[PDB]
Amino acid sequence: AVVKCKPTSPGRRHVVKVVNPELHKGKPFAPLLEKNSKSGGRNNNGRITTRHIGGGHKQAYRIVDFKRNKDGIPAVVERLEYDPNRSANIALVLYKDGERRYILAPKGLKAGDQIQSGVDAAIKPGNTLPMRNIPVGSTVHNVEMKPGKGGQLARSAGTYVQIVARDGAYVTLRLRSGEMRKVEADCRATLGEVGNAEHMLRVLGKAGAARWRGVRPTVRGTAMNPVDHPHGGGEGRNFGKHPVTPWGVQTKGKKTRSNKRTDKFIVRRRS
Amino acid sequence: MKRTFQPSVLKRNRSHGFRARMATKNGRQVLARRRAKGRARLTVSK
RNA sequence: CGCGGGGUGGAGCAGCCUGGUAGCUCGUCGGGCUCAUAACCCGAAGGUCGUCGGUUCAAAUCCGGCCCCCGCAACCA
RNA sequence: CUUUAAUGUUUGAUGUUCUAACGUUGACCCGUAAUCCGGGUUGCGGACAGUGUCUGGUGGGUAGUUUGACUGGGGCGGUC
RNA sequence: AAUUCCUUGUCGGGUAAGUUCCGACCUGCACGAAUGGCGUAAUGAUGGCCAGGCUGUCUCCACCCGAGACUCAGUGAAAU
RNA sequence: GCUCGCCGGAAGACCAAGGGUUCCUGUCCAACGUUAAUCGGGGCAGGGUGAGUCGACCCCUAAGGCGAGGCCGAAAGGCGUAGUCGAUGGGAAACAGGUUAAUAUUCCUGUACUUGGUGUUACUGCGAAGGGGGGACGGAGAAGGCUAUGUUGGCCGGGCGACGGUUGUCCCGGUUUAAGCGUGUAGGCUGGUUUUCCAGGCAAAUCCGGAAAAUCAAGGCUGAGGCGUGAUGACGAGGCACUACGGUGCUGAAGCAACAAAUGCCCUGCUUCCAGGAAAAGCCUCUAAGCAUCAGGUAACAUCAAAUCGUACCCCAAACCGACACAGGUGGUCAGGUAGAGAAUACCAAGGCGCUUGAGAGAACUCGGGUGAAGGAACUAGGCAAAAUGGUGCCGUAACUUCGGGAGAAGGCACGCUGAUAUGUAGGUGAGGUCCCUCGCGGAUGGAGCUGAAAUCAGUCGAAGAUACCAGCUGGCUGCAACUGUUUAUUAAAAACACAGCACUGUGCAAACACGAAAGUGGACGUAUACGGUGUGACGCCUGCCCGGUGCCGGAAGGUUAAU
RNA sequence: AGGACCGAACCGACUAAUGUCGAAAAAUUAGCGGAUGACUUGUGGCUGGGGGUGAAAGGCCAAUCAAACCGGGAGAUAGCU
RNA sequence: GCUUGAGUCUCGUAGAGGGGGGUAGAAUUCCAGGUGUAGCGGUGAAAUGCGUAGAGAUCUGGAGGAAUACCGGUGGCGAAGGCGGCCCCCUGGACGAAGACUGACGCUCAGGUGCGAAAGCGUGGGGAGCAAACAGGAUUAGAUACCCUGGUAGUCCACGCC
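*Asks:* Explain the nonpolar core to me, using residue names and the numbers behind them.
*Replies:* In summary, soluble globular proteins display a tendency toward joint burial of nonpolar side chains. Residues and elements named next belong to chain A. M131, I134, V140, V143, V161, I163 and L173 are the most contacted members of the largest nonpolar core, which totals 16 residues. Only β11 (161-167), β12 (170-174) and β14 (188-191) provide two or more residues apiece to this core. Look past the residues within four positions of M131 in its chain and what remains in contact with it is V143, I163, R166, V171, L173, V183, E184, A185, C187 and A189.

As structure tokens, this is what we get:
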């Protein structure tokens with residue numbers, strides 16, 4: 001579970017690591033790996049578009065099958081791997097035809113369980129099937145935005161989507177942030193929540209713990225000098241201007257929702 | 001202290017070489033001025 | 001030293017700005033209520049408008065001198 | 001003159017439906033061994049979104065600037 | 001008090017003597033709760049004060065050993 | 001030439017980088033060298049860099065750059081796909097000795113290895129930009145098996161000694177040996193072989209993966225070292241010998257044992273934790289379009305070829321970078337003896353230097369140091385500076401606490417040399433002999449030799465035995481920030497920043513936001529247990545009142561209100 | 001196991017002294033801090049002038065930074081010396 | 001050894017006993033929409049609050065959380081705290097019938113261990129209603145109270161502490 005180390009050293013007195021015995025302690029599947037270069041948040045031009053990105057331990061990209069474009073075929077869970085890129089665990093799933101495809105690991109799923117894809121599957125956690133066959137009031141994850149995209153929402157640790165209503169060609173979803181949303185009737189979803197549910201209690205502990213993760217130091221706005229940030233200046237920690245982002249746009253309560261195209265789908269916005 | 005010139009002929013040619021100049025209009029105008037002033041060391045080479 | 005505001009019944013405070021008529025609450029005195037008090041009810045009285053002087057028909061008011069209170073200022077080398 | 005009724009007609013303001021504009025950083029095929037791109041089928045949105053022009057508002061994110069003088073040194077006060 | 005101007009405020013400890021320091025008193029010019037308040041084991045080439053050790057820091061310097069200084073030969077600047 | 005002195009984890013010996021003849025020889029001394037100069041990194045003339053195995057070029061690929069069309073943009077140009085470059089990365093193959101004034105794994109002697117072209121012979125299905133395997137990988141830590149390497153012993157050879165002793169448990173020197181091939185080990189990984197079948201590997205497949213039977217229980221792979229061999233060979237102390245006196249020529253003994261042992265190798269391993277740890281080709285293998293009396297593939301052998309460029313020297317410095325022959329800076333590799341935990345340090349070896357001004361004097365005073373009567377911070381802004389503490393083993397050790405600490409708290413005791421226990425013990429290493437055997441680099445037993453702590457008891461010497469170098473100052477009350485960390489390169493290292501953590505708030509994916517006139521990228525090949533902004537800043541106990549003004553979210557009726 | 005303790009290599013630069021026309025346009029000496037990580041470092045690339053980068057000092061961007069360097073407007077302007 | 005103690009076994013009985021997992025209707029609040037219109041709401045009276053931007057009222061539909069009318073009783077269950085809509089699975093205790101069996105294994109119990117209303121605390125979810133603190137309106141000599149409109153913690157959930 002979420003074990004805590006003893007305070008033998010300053011910086012070790014605030015660490016809580018989640019240990020999962022189901023994790024395969026070996027190596028990832030070579031045929032499904034691909035290099036992945038860190039960029040430090042640099043675009044084509046070369047500037048740091050997004051800050052606080054750098055350092056981090058080198059990682060390998062485990063390509064994951066999101067679409068599940070192999071319907072009507074049974075599959076068995078071989079081993080529960082660990083995918084650093086994802087915030088959840090992944091399950092090495094081998095089909096009936098002798099083919100391994102990585103998928104997100106649901107909550108109630110251990111090594112040795114079976115699953116099949118498609119509308120003919122049994123209503124059981126881990127199975128993926130179109131929402132026009134899924135019972136209204138069910139709990140799914142990895143909901144598709146488009147019939148064939150692969151699954152875009154609720155694909156993080158313990159994050160699920162609750163189906164509220166099925167109205168003709170559109171199914172009213174209830175996202176995690178509380179926003180109600182409509183999606184096409186033929187979109188694929190995946191029963192149950194995503195596994196690795198105890199991810200939220202990891203309390204890193206040291207500054208380096210976040211450093212080798214991939215984040216950088218965030219300098220506060222009151223610390224900067226006048227020309228560097230909208231705040232700055234002052235003889236010893238002085239504020240007085242309404243809180244803004246590094247570019248003047250006022251934060252701390254200003255809605256930036258401006259899409260205009262998806263206004264039609266969003267039913268009840270987060271409040 | 002460690003000075004301002006730790007030479008490496010590879011980097012010296014990669015950012016000041018002939019082909020380094022024959023890549024941009026800005027570069028071709030620089031090489032243009034060297035011939036205009038009748039210089040012997042047009043650019044750095046051996 | 002200077003700038004600005006203030007001094008009004010016992011007490012705290014309006015009115016002043018844009019001059020002639022000084023108001024409000026508690027309080028004080030008398031009466032009533034209750035066996036007695038307070039609270040509450042009824043009523044009346046109560047102010048040299050800091051002080052001196054000037055202007056106007058008329059000055060708490062408008063201006064100036066002085067006394068007192070109050071806030072600020074009282075600096076850079 | 002006014003309260004108002006039916007019709008015709010004149011433009012305008014909403015709601016719904018539709019497909020051909022358009023979007024498609026959805027699926028598939030081809031050019032092609034190429035996650036770009038173009039075209040072809042098809043699905044989903046749909047005369048919206050977005051773009052140009054005009055226009056009101058917000059706007060130190062950014063730019064060009066002003067912020068006086070005498071002054072028994074300058075500032076404050078004071079004065080023109 | 002990293003905040004108390006008036007102030008070395010007052011009282012007590014420390015000292016032969018204590019504008020600093022420790023602990024309290026509230027008359028807080030003008031502390032105060034995420035521009036965070038109040039404590040805290042540990043940590044600190046950090047700020048303050050105390051006791052021991054230790055010594056030329058000092059009382060008050062004395063001697064000695066080397067490199068320059070002085071002398072001789074050669075070479076031979078500088079700000080002004 | 002003879003002593004003295006100095007570095008010796010460098011002031012030594014070699015590569016990369018970077019310079020560009022500074023390398024070597026003869027000769028010259030005006031100018032250069034901070035002086036002299038017959039000297040030299042200076043001048044003049046000459047000589048020197050020899051490769052199929054080293055490196056580069058070459059094949060492959062990362063970041064990233066360029067980038068046919070194309071998208072986009074006032075032009076320039078920006079972005080980017082197919083592609084094409086790009087090592088600091090992966091990929092074939094050589095070691096020893098001798099020789100020059102200067103070059104050498106490049107030349108000579110000896111002995112081997114790798115890849116292709118061509119040809120003969122005997123066999124035989126080969127064949128892609130496609131698929132599969134391989135390459136292919138993290139930190140930290142532990143142990144075993146070894147070598148480089150060193151000490152000692154025996155052996156061989158010289159000497160037996162200018163002051164007392166020294167034919168002996170005596171002294172000095174040497175006792176070196178590769179790649180390749182053969183064996184296939186300690187040890188590591190994994191269960192092998194066969195038949196049938198398959199919606200899988202964008203087409204196919206005898207290859208890979210998958211699902212069922214059969215049979216055996218071992219097979220396969222990997223692998224430093226030692227040992228043979230290479231090698232009755234080379235080298236080889238030291239004589240004999242000729243000195244143009246610089247050196248050459250010739251000859252040539254022993255060449256083994258034990259022990260200690262790495263940071264080197266086995267290890268691109270094994271165990272474990274987590275932050276989850278390049279790619280592509282060579283290489284092996286299976287086939288398609290096809291081609292089959294072929295072409296080609298496999299193997300043995302004969303033979304040809306392996307081009308080009310760099311190769312000198314400096315490379316921790318008078319040869320690079322700092323204007324200089326500058327007390328400075330510069331990545332990697334080897335790195336011995338005694339003491340020692342050690343690459344610290346001290347003294348030495350190999351090897352290389354005495355840092356390009358010297359000679360006298362012995363004043364004040366300055367810099368670098370030593371000792372210091374009595375006192376002990378009385379100095380001063382202030383214990384700044386110096387002094388002093390300093391090792392190992394053992395005993396012992398408070399308040400307080402987050403129960404880890406505090407703590408090496410503080411404060412003390414024993415250390416030398418010799419003898420004995422014990423002709424060196426415990427322990428480690430470990431031949432011969434013996435026995436067995438699925439017979440080899442095997443297993444037990446066996447114990448010689450070698451090596452070797454620490455302790456107990458006793459004795460003795462010094463004023464002082466961790467005697468030198470090296471090597472904490474300790475404790476108390478308290479402010480600030482939790483802590484390791486970061487920052488003003490060239491006056492500010494802090495209480496400033498950051499931080500894990502908390503809170504608010506923004507964002508439903510063609511995401512907010514950001515760079516960009518745009519496309520396109522980053523955000524993320526992630527998606528609300530996620531990402532961005534802002535504020536605070538471990539943790540513990542908390543975080544009270546105000547919506548007036550400001551900002552912002554929401555509501556839209558009315559009033560006002562632009563273009564049209 | 002540890003942003004763990006002690007301590008060389010390595011990196012850093014707290015106190016003092018010397019030096020200040022120096023040995024040197026921030027170094028030497030005696031000591032100090034970190035020393036398995038937010039560590040250090042080599043080679044090679046990328047981000048650029050109102051731009052970059054920044055554990056944030058308005059520090060750093062070739063000994064120059066509250067806006068680099070070079071050329072060009074330009075013989076800018078100067079009620080000033 | 002015996003058997004009246006205690007305990008086990010064969011078969012049944014009633015039950016809000018306990019845990020996990022599902023589900024239903026009433027009712028409230030809220031959300032969008034339709035009808036429709038000046039009060040609604042509140043109290044001792046009044047006021048804050050809400051409403052002509054159109055509430056309350058009524059109807060249709062939908063999202064949700066907590067609590068389970070009636071049965072219900074000085075009825076039942078457990079050692080106690082305490083526990084009630086219904087349903088499934090796991091499971092404890094109690095009592096009764098006729099006999100058999102072990103053959104005193106029993107009574108109590110300092111310290112020690114476990115369970116233990118509510119409120120409170122911790123990590124992470126949830127939030128209808130109700131409701132400390134708090135705000136305002138009244139009440140009052142004053143009201144940092146009772147009364148009234150709102151309202152955070154909390155009350156709910158899993159895992160720990162007290």
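*Asks:* For the layout of surface pockets, give the residues involved together with the corresponding values.
*Replies:* Residue and element names in this part refer to chain A. Here the largest pocket defines a volume of roughly 1,000 Å³. In this structure, the largest pocket is lined by 35 residues; those nearest its centre are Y82, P84, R202, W212 and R213. Among the residues forming the lining of the largest pocket, the class breakdown is ten nonpolar, 16 polar and nine charged. Counting residues domain by domain, the lining of the largest pocket receives three or more from each of domain 1 (1-113) and domain 3 (195-271). Space inside the second largest pocket adds up to approximately 270 Å³. Lining the second largest pocket we find 17 residues, and of these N20, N89, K107, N196 and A197 sit closest to its centre.

*Asks:* Lay out the sheet that holds strand β7 (residues 100-104) of chain A with the relevant residues and their values.
*Replies:* Strand pairing in a sheet takes place through backbone hydrogen bonds and is either antiparallel or parallel in direction. Residues and elements named next belong to chain A. Strand order in the open sheet made by the four strands is β7-β6-β5-β8, with antiparallel pairing throughout. Here the strands that pair on one side only, and so sit at the sheet edges, are β7 and β8 (114-116). Across the sheet, the mean angle from the axis of one strand to that of its neighbour is 40 degrees, orientation sign disregarded.

*Asks:* Lay out empty space enclosed by the protein in plain terms, naming residues and giving numbers.
*Replies:* All names here are of chain A. Taken as a whole and judged by the stated rule, the model has one cavity of 30 Å³ or more. What lines the largest cavity is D65, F66, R68, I103, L104, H141, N142 and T190. Class assignment of the residues belonging to the lining of the largest cavity gives a composition of three nonpolar, three polar and two charged. Counting contributing residues, the lining of the largest cavity receives three or more from each of domain 1 (1-113) and domain 2 (117-194).

*Asks:* Go over the sheet that holds β11 of chain A with me, naming the residues and quoting the values.
*Replies:* Residues and elements named next belong to chain A. The strand order across the open sheet built from six strands is β9-β14-β10-β11-β12-β13, with neighbouring strands paired in antiparallel fashion. Two strands in the sheet have a free side with no partner beyond their single neighbour: β9 (128-130) and β13 (180-184). Across this sheet, the average inter-strand angle for adjacent strands is 45 degrees, counted without regard to direction. When β11 meets β12, the two strands line up antiparallel, connected through five bridges. Bridged to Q162 within β12 is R174.

*Asks:* For the pairing of β11 of chain A, give the residues involved together with the corresponding values.
*Replies:* Residue and element names in this part refer to chain A. In this sheet, β11 lies alongside strand β10 (residues 139-141) in antiparallel orientation, the contact comprising two bridges. Bridged to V140 within β11 is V161. Hairpin connection of β11 to β12: two residues between the antiparallel strands, including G168 at a positive phi of 65 degrees.

*Asks:* Which residues make up the protein's contact with RNA strand D, and what are the values?
*Replies:* Residue and element names in this part refer to chain A. With respect to spatial proximity, the complete set of residues near RNA strand D consists of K146, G148, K149, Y170, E184, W247, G248, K260 and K264. Those atoms of RNA strand D that come within 4 Å of the protein belong to sugar or phosphate at a rate of 100%. Split by residue class, the surface near RNA strand D holds two nonpolar, two polar and five charged.

*Asks:* So what's going on with unusual backbone geometry? Residues and values would help.
*Replies:* Residue and element names in this part refer to chain A. Of note, the phi angle at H52 is positive, near 55 degrees, even though the residue is not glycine. Its place among the elements puts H52 in the loop between β3 (33-34) and β4 (61-62). One non-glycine residue, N142, adopts positive backbone phi at about 55 degrees.

Rules behind the numbers
Residues numbered from 1 in each chain as written, not as in the entry; some residues may be left out. Chains lettered and ligands numbered in written order. Part of a larger assembly, values for the part shown. Heavy atoms only, no water. Core = buried A, V, L, I, M, F, W, Y, C linked by side-chain atoms within 4.5 Å. Buried < 20%, exposed > 50% of the residue type's maximum accessible area, 1.4 Å probe, protein only. Helix = DSSP H or I, 4+ residues; strand = E, 2+ residues; numbered from the N terminus. Contact = heavy atoms within 4.5 Å. 1 Å grid on protein atoms, 1.4 Å probe; cavity = no way out; pocket = protein on both sides within 12 Å on 5 of 7 lines; lining within 4 Å. Points joined across faces, edges and corners; volume = space filled by probe spheres on them. Nonpolar A, V, L, I, M, F, W, Y, C, P; charged D, E, K, R; others polar. Domains from an automatic or database assignment. Pairing = 2+ DSSP bridges. Axes fitted to C-alpha atoms, helices over the stretch in contact; angles between N-to-C directions. Near = heavy atom within 4 Å.

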